[PDB]
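Structure, as structure tokens:
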2 protein chains.
Amino acid sequence: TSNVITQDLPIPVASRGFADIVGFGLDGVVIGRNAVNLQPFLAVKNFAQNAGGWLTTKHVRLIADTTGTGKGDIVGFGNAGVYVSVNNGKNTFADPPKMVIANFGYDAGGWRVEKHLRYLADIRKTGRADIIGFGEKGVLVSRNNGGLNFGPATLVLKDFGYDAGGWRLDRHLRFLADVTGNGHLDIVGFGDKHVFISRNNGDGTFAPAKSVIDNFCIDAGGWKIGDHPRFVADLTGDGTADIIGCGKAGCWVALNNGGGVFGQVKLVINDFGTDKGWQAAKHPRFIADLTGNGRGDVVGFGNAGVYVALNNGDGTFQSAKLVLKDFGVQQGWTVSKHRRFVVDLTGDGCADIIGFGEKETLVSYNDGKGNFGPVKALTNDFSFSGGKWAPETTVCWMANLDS
Amino acid sequence: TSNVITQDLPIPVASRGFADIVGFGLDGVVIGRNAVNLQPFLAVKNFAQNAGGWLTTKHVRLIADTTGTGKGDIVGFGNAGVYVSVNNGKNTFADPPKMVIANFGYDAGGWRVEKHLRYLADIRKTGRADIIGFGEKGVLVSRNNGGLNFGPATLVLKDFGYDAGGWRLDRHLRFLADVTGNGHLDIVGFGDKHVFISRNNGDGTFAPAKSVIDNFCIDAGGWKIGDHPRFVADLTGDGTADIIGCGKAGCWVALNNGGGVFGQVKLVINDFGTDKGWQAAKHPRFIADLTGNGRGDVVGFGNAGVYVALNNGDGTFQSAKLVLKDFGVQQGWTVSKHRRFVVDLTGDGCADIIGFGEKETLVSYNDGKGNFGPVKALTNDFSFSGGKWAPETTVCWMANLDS
């Protein structure tokens with residue numbers, strides 16, 4: 001297992017735990033705490049389409065531990081800066097939220113959802129999240145200095161930026177993961193001709209970017225943003241992030257030697273790629289630990305239902321098989337209306353499947369071996385419900401509120 | 001609300017949160033973590049009747065944060081000493097447990113469930129639990145030095161002991177609670193003729209026992225152990241512990257002024273006592289916050305069902321009333337086979353009711369005002385299921401594993 005931050009999944013969820021639902025609904029933040037009587041709780045009247053004027057087109061809304069308590073706080077990147085609603089521990093969130101910094105906003109620093117990435121991460125391993133943004137001139141970091149005091153937004157690396165040199169959301173990928181093996185989150189960038197790494201030194205600095213693979217990129221191997229999803233994830237159990245991507249012929253991986261050196265790029269699964277009919281607009285794919293061994297498995301929501309290929313434990317894989325006859329295109333699930341997640345809901349380290357459907361939120365539980373039980377109606381809440389949870393106007397995440 | 005440790009409830013549960021089931025079953029520690037798919041998880045194959053030789057008549061089995069991570073660990077006072085299974089933060093408990101001190105055991109120091117009390121509490125307020133024992137010659141403490149290092153068991157107070165002077169379980173009550181107002185757990189002892197306090201200094205030392213109330217005792221008002229239950233809880237909202245006892249004619253309180261000095265003993269509820277049929281063998285009673293206002297309310301499981309009296313906020317009460325035709329004698333609930341709990345399961349700060357019955361574990365949710373909804377079968381697990389969960393051979397607590 002590696003803790004990892006991607007563009008699609010900026011909020012790390014524990015591989016072994018009881019994931020909670022956090023929804024930025026139309027009228028505010030709705031918490032669905034993983035519990036015996038799941039009931040949506042309107043925790044904060046803000047951070048919402050119809051409370052505070054929050055927009056998916058202009059703002060970023062996340063969950064992270066900004067105080068160091070181990071409790072996840074609500075964080076919003078608004079117009080004038082970053083606002084935080086502190087989780088008081090005992091199921092209460094501060095409302096109204098407090099503005100902790102005049103940077104990383106639409107009006108503060110000219111940040112744009114179309115050009116930049118903003119993440120929250122404990123890059124210094126101090127137990128609370130720094131602000132890290134992939135901006136114009138490079139990677140800007142504001143150190144979290146306790147008590148919601150954030151250091152100056154500081155250009156810490158002149159690379160991986162819209163204007164340093166030429167990073168684009170329609171061409172490239174920028175993730176954070178420990179690939180060097182020092183416990184700290186590094187920068188992993190899929191550029192034009194190479195995957196680049198910038199090592200996190202440990203002390204709030206990143207080394208200059210270095211090329212590590214001549215593949216997985218738009219102009220090295222023909223990897224395209226829509227059609228060929230790429231991931232970073234521990235596939236060997238050594239605790240460092242390997243690389244895997246769903247391409248044309250199937251899934252290709254390059255394994256980390258444990259220090260950020262990558263081996264040859266090999267086809268490990270002849271499925272999940274375009275040759276077998278997997279399309280970005282229809283078929284969400286994920287890497288998640290479905291067997292509790294700390295190694296990433298491949299999960300895909302295909303046409304007839306969900307397909308999985310299990311990791312043998314060493315970065316090679318078994319064949320893909322259909323494991324669950326639901327949550328697929330045949331059953332009516334769509335990327336534009338519905339939300340699907342692959343996360344542990346039950347504390348056994350084997351990821352379960354939950355889907356926010358048209359009118360119902362459904363779940364199927366992993367059996368502890370990578371197989372799935374009968375689908376069950378968990379709640380009417382969080383479902384699309386004719387627009388109540390439209391992707392255009394709401395954001396939903398799984399997160400461990402108690403981490 | 002005040003943090004309180006009692007003989008019947010040695011483990012404090014949060015008044016606002018999602019309490020977890022922790023059961024010491026026949027085959028090991030079973031965690032019933034409060035979650036969407038509640039299932040017994042055999043976490044440690046020890047601490048059990050048929051795993052490690054653990055017995056209700058010989059050993060003490062608890063949950064407490066021994067490491068300071070905010071996560072409850074499994075702790076057992078066994079034969080040769082105290083054993084801990086650390087909770088790693090990812091629903092994993094060390095197995096086998098490791099011994100942390102060769103004392104406070106049946107063989108090590110001659111501790112007896114029939115004679116002595118053993119608690120775990122953060123009496124120094126450093127984020128982790130010291131061991132506190134009421135033994136033969138007085139109060140013995142072992143300082144939790146971190147990393148599971150425990151200091152020598154030290155006789156810190158020559159009072160409250162089986163042989164200093166004659167404290168007996170058939171007769172007296174010994175609790176930990178903050179009654180001085182200094183934020184630290186004090187010793188509260190219902191002796192022969194007085195309620196005694198021993199103030200907690202801070203350094204984890206206690207001042208000589210001082211008489212504070214001439215009442216609530218076997219020789220001061222005729223208070224008997226089973227028949228006339230006494231509790232300590234915050235009934236005023238100030239964070240200091242008040243005192244309430246269910247006498248013959250109803251509930252008498254003595255209110256804390258906030259500095260550990262008590263007002264006149266007065267009758268505030270005309271029910272819950274032997275006069276109105278309440279009996280030690282049949283009708284367990286509790287103080288719990290049913291309204292979320294931080295003041296303790298009175299709950300009793302009677303004949304026809306559950307009765308409550310709601311605190312006005314200041315230690316005076318509305319009249320008692322039956323809120324639920326269930327969990328009572330007439331529905332077949334007995335103290336000898338079944339377990340009943342009054343704890344928040346839903347994080348709204350209003351305590352709910354859960355019961356481990358004959359073949360089923362049932363729940364009724366507080367509506368948020370002290371009323372209760374229909375009883376729902378939660379799971380078949382943790383139920384007597386003769387006699388998988390016999391009280392003679394197993395132990396079940398509610399606890400918040402994630403503080």
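Each chain in the structure tokens gets a letter, A, B and so on, in the order shown; residues start at 1 in every chain, and ligands are counted from 1 in the order they appear.
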For chain A against chain B, with a cut-off of 7 Å and counting only C-alpha atoms, what is the closest atom pair and its distance in Å to one decimal for every residue that makes the cut, ordered by chain and number, as JSON lines?
```
{"residue": "A:16", "atom": "CA", "partner": "B:90", "partner_atom": "CA", "distance": 5.7}
{"residue": "A:17", "atom": "CA", "partner": "B:90", "partner_atom": "CA", "distance": 5.9}
{"residue": "A:34", "atom": "CA", "partner": "B:35", "partner_atom": "CA", "distance": 5.0}
{"residue": "A:35", "atom": "CA", "partner": "B:35", "partner_atom": "CA", "distance": 3.5}
{"residue": "A:36", "atom": "CA", "partner": "B:35", "partner_atom": "CA", "distance": 4.7}
{"residue": "A:37", "atom": "CA", "partner": "B:346", "partner_atom": "CA", "distance": 6.7}
{"residue": "A:38", "atom": "CA", "partner": "B:36", "partner_atom": "CA", "distance": 6.6}
{"residue": "A:90", "atom": "CA", "partner": "B:16", "partner_atom": "CA", "distance": 5.9}
{"residue": "A:91", "atom": "CA", "partner": "B:347", "partner_atom": "CA", "distance": 5.9}
{"residue": "A:346", "atom": "CA", "partner": "B:37", "partner_atom": "CA", "distance": 6.7}
{"residue": "A:347", "atom": "CA", "partner": "B:91", "partner_atom": "CA", "distance": 5.9}
```
I need the residues from that last selection saved to file as a PDB file, in the first residue's frame (with N, CA and C atoms), if you can.
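Okay, part_4.pdb is ready:
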```pdb
ATOM      1  N   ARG A  16      -7.638  -0.015   4.355  1.00  0.00           N
ATOM      2  CA  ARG A  16      -8.294  -0.811   5.382  1.00  0.00           C
ATOM      3  C   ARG A  16      -8.979   0.164   6.326  1.00  0.00           C
ATOM      4  N   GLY A  17     -10.309   0.182   6.299  1.00  0.00           N
ATOM      5  CA  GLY A  17     -11.077   1.089   7.126  1.00  0.00           C
ATOM      6  C   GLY A  17     -12.561   1.159   6.780  1.00  0.00           C
ATOM      7  N   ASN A  34     -20.197   6.432   7.890  1.00  0.00           N
ATOM      8  CA  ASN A  34     -20.289   4.971   7.838  1.00  0.00           C
ATOM      9  C   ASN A  34     -20.674   4.432   9.225  1.00  0.00           C
ATOM     10  N   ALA A  35     -21.931   4.015   9.390  1.00  0.00           N
ATOM     11  CA  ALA A  35     -22.459   3.674  10.719  1.00  0.00           C
ATOM     12  C   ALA A  35     -23.699   2.805  10.584  1.00  0.00           C
ATOM     13  N   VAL A  36     -24.179   2.267  11.700  1.00  0.00           N
ATOM     14  CA  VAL A  36     -25.282   1.297  11.674  1.00  0.00           C
ATOM     15  C   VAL A  36     -26.593   1.882  11.161  1.00  0.00           C
ATOM     16  N   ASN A  37     -26.762   3.181  11.338  1.00  0.00           N
ATOM     17  CA  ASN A  37     -27.950   3.860  10.869  1.00  0.00           C
ATOM     18  C   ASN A  37     -27.513   5.021   9.993  1.00  0.00           C
ATOM     19  N   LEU A  38     -27.138   4.708   8.756  1.00  0.00           N
ATOM     20  CA  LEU A  38     -26.602   5.726   7.862  1.00  0.00           C
ATOM     21  C   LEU A  38     -27.667   6.771   7.598  1.00  0.00           C
ATOM     22  N   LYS A  90     -16.046  15.346  17.762  1.00  0.00           N
ATOM     23  CA  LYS A  90     -17.328  14.709  18.081  1.00  0.00           C
ATOM     24  C   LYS A  90     -18.453  15.105  17.126  1.00  0.00           C
ATOM     25  N   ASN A  91     -18.366  14.612  15.893  1.00  0.00           N
ATOM     26  CA  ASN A  91     -19.389  14.815  14.861  1.00  0.00           C
ATOM     27  C   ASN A  91     -19.945  16.227  14.725  1.00  0.00           C
ATOM     28  N   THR A 346     -15.717  -1.765   5.268  1.00  0.00           N
ATOM     29  CA  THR A 346     -15.962  -2.761   6.317  1.00  0.00           C
ATOM     30  C   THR A 346     -14.761  -3.162   7.173  1.00  0.00           C
ATOM     31  N   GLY A 347     -13.623  -2.499   6.987  1.00  0.00           N
ATOM     32  CA  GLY A 347     -12.465  -2.726   7.835  1.00  0.00           C
ATOM     33  C   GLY A 347     -11.631  -3.978   7.608  1.00  0.00           C
TER      34      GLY A 347
END
```
Give me, as a VMD selection string, the residues of segment 10-130 of chain B that a backbone DSSP run labels strand (DSSP E or B). chain B and resid 20 to 24 29 to 32 41 to 44 48 51 to 52 60 to 64 71 73 to 77 82 to 85 87 93 98 to 101 117 to 121 130
Write out as a count of residues only which residues come within 6 Å of segment 289-296 of chain A when counting only C-alpha atoms, dropping same-chain ones fewer than 3 positions away. 10
So what do you get for atom CA of residue 80 of chain A versus atom CA of residue 382 of chain A, distance-wise?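 Atom CA of residue 80 of chain A sits 29.4 Å away from atom CA of residue 382 of chain A.
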Work out how far atom CA of residue 83 of chain B is from atom CA of residue 129 of chain B, in Å to one decimal.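 So the answer is 13.6 Å.
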Give the answer as one residue: which of B:301, B:54, B:206, B:231 has the shortest atom-to-atom distance to residue 174 of chain B, using only C-alpha atoms?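 Closest to residue 174 of chain B, using only C-alpha atoms: B:231.
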